[PDB]
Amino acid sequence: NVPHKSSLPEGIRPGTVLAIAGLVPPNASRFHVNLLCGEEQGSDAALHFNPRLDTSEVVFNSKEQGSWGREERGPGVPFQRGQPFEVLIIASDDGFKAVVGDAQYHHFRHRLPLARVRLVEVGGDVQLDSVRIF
């Protein structure tokens, strides 16, 4: 289950849009999208977006110096085993707006500097159709 990696050569800014389309496999337990601050294993995560099919929830968090912050959770779980999905992660000045299925889902206020984000990683139990940066 190797995680997908896409570099952000000039990082991201208010107005950057990450569009991720995929399918949750029928036996899926969980998957994630990470906005990381570099290529090092264990690099800080400005945003950890973690749909959990097994525990019926979506967890948001950040990671800094190897320790996880306090979890935030969205309402319910807008993902279904066997079903395709489209997520938008939109950077603004205040944080990240996660859009799922054409509806605003959660707003994660910035914990780390947005200028530190350099890499998108997608891992876990997910079939990745496309990652696009607008």
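All residue numbers refer to positions in the sequence shown, first residue = 1.
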property	result
Mean C-alpha temperature factor, higher of 120-128 and 9-17	9-17
Per the entry, higher mean C-alpha B factor between 45-53 and 78-86	78-86
Lowest, middle or highest third - CA B-factor, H32	lowest
B-factor third for the C-alpha atom of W68 within its chain	highest
